[PDB]
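Here you'll find one protein chain in two forms, each presented separately as structure tokens under the names structure 1 and structure 2.
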Structure 1
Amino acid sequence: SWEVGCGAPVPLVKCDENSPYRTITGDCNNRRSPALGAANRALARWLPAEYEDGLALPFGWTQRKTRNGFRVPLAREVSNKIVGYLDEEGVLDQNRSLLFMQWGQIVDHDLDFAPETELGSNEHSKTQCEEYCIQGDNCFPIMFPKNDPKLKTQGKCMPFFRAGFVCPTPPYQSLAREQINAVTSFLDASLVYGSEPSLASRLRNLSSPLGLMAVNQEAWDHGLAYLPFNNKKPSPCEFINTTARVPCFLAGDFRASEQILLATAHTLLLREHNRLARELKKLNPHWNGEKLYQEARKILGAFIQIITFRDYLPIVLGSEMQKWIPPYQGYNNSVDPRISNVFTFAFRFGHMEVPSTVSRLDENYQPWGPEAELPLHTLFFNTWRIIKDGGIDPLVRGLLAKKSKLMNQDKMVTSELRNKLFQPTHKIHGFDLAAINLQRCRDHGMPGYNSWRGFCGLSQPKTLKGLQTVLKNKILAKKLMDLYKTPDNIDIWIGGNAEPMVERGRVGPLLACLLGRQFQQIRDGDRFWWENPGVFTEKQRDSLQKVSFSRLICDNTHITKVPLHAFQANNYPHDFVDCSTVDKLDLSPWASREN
């Protein structure tokens, strides 16, 4: 059992044995092991890291070196052969609104982030990785296969930099390389409030004693707040459009501006915090700012938990929901609530649910203006279309009445992501998220497909014929065992996602097991779970059961027509009801009769 307890990219820290709130860092959730689930620590290893040298080098690094006697295929080659498709007609999910995709991304962002190594940002290092395609140290470029249109138009590779690792950022040879999780493992609204003290404070409005989050001061949304702008230059949101020059937003999580709809969902979440803090004050006008901020924060975290566990997860996991996530029995302090490395890849199932276009809709849920539907790629890091082009209401209707992409074994990831991705240093709409997913699954040292089938107690196909029955699909299996020569070598991202979905849910068996297990643990291992006896009063809990994403939308925008079940596919006006019929969060059980 070779290592004990290293801990470098963290500060302190010491714990507050009631202090009815979460820390910002996630520390002091577990009493016995107060770092467990804290941000800026190693991702959990559910299985030992698997690298080409047993320590750090990703499979595929050394040309000569095989995985189980075979070369691992180029990540872009797998992407082109298997992941890509041309025809967007037919690809939509008849049963899930766009919001289903979106909440996926939100939750994902509350739970995990393995950021690239920052070492030598001011070095020829990016210049040598991006310009020359030279693999070495933290440069692990995605090379194009010989028939790739991108060879002709973009150059020899897409640059790709390896994920940071814990202890120090300088090269690691004594135990295996462990990637960092930069946000809190608890489902806690950290994407709203920050996972570091240094950002948590900046986000806040300390100017007034009202516990508000800072809001944008440049611009409004029909009297509704936007998120403050980031400061930093050079800003990729400015970069898209140097005429409009609108910076990215500043949120609790750094990726909040990555696509317009994510920014939209972040905006709704911040408004809800200020709305709660207002209500709490109106009702407790002795509470101070700090009380008001924690108390709103606490409620918002419970809302994110409830929405996720009651409304999202059952329609991801389907028939497997009760198997992995049985109803709640209380806090269990032996549970490890840390996000595992593999989860951060299993949750990328969301990538096949992203459709090629986004729509703005007006109050009749009709096209809003002349160019109301746009290609997804024009919306990466695009804040200008919000501030300058209608606010969030039109985008939110789109969320409600357009549908997610459906995962499809022949049509996996839209070319909007597979060919047109924009990354905030690289200056082009030319990257391939799928290729990146696969390179990163190698970067992070993932065990292969069958390792994971084994972990979850499933069959482990060894032959083409085996893989055909598991996937149900002769030709997908054939392509996968032309590229990988054995299902042992298939990258978990693409193996998990290749499996047909389970009844009433949107992922295959292997992923339902990986996801289901993670979420059970993040709920059961959390001292501040909304439903844990003690955390909220019973009366407070009776109010919280009534929350809905419909109501969030009603309380925070000027939309008055919403569906009752926002994740299901909905059509206007048949499936839409007026906001007055929706349950409200009743805040009266938060009144502090101290008088």
Structure 2
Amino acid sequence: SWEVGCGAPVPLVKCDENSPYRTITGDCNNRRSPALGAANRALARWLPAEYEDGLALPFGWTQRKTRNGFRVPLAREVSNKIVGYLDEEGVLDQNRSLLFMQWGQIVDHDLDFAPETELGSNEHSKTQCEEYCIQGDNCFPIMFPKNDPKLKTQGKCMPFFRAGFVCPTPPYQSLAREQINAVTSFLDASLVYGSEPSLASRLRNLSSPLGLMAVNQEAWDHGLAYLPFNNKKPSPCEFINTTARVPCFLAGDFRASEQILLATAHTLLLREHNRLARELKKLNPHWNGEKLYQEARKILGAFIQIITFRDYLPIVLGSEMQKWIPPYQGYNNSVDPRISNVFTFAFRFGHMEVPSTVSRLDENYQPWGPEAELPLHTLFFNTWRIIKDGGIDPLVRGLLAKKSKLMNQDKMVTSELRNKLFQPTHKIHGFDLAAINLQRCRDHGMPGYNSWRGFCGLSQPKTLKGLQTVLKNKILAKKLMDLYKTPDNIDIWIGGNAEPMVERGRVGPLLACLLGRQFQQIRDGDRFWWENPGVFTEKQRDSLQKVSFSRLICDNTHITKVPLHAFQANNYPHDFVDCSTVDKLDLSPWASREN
């Protein structure tokens, strides 16, 4: 039979069965099944979960118990042997800007977030995990292998807490564990506006009825707005520098200050909200607060969708683009728009595109001072370098004129992330995002590499030579077989990312399939998609199709030189034009014809 029973944890509401606009929660998008795509529900399962015990225990949990007859290797051992490298020279991407990386992290924070089992603060279990590395319940620590330098320096393990899961989070039901997506599955700027009414309210400025969003207080960017500081303690953005005690920014997503360029993009998006509102007020002085909020929010959502599907996905998927995301033919109400559990790993391809430095540049795109270029690890949870060291314009020029790192089968993840990651609960820049990724795959009950290859209609290699042929890399295939013993056992994160990239794209065949499928679904299954007849007018759409990331910059910074195509590599000055070059968003089709 069939049942949509379990999953009561209740963002449960009444559906204003038309209404002009999206809810914050994404409830009500689909009329038949109105929970589809909403925040705080279980990630969808494209294939059944694969746990050690059928139900909840990750592969790797029990020493004795094999996967397919073989021990799964320690995550940190895979990270040491395959993902790591020493030399940063020659590793940059020659036709993608750093914006290409940064935009990917933005789009990802819009689509999926699977927070850890908190069990609140004031907890002895957090001490028991970190301090003692004792595995139990939600403590699943990453153990260092023998030979790991971190053994000498750091202790026995890196702490790691299992992701929260639906129905209960403490004692669990029966039938396989399903992890939570805390944000809305729609591409809808939920990272700006929030995925909960609660946070979505804190974000609004509810004093003056101009539909604006709350802005900063103490700090001003050469006359331009910053996001507001966040309330809560302890705050990691103060912990990194206790003398500057600048806190993290508050935003529609938890992780908004995780790194200084993510913060920086959140500023661009907020400024654009207020510019939309302010000018929508000018044209329509008879529109009340909410009306200005929801009409701005609606335009920004279109912008995120347009940049993404028109500029971003073409240069990720390249040649596979139109194989997995065919031309739009309209809204299909029978399309599942929920984000899949697997997509939350596939989209971590981003991690191999993060370079080891960030640069601040001046008006001539030359180094912004003596410490212009900094190591990435100094910039985790770093809000102060924005306030003290001259605002976001120097960083935004770095985003335009500098490069993404290129995925490389011999240089996968920079040591800035693989050895010096900072985690909020903990005190050191000593963690490994690659290890975390692999451990998290297992946490989430992921099927292995070959199940996903099958899912996407690709060959399933069983030998050393088959793998060598798929990866087109003898040494890599060999290291993978030495750790995992069968390609059946290869974690999807590392499996997917090990494939050579498709022509004109930045991911291999499996990933392009997993990603392409998921983006297709969230476009097709979105009743508020910007191109679905009646969402915007003919004249509105025509105006929206003119937007560009370069126009957004011009209007939200003190930069007057931008490239026409912001995501590819753009050298100053050959590729740069005056802001007057760039098409401006014409808001004159948002004049209300009430009368």
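By rigid core we mean the largest C-alpha set that fits within 1.5 Å across both forms. Structure 1 provides the reference sequence; residues are numbered from 1 along it.
- Relative to the superposed core, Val10 undergoes a Cα shift of 2 Å or more between structure 1 and structure 2.
- Core-based alignment between structure 1 and structure 2 gives a C-alpha movement of 1.0 Å at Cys167.
- In the core-superposed comparison between structure 1 and structure 2, the CA atom of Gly120 travels 4.4 Å.
- Its Cα shifted by 0.2 Å, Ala214 is compared between structure 1 and structure 2 on a rigid core fit.
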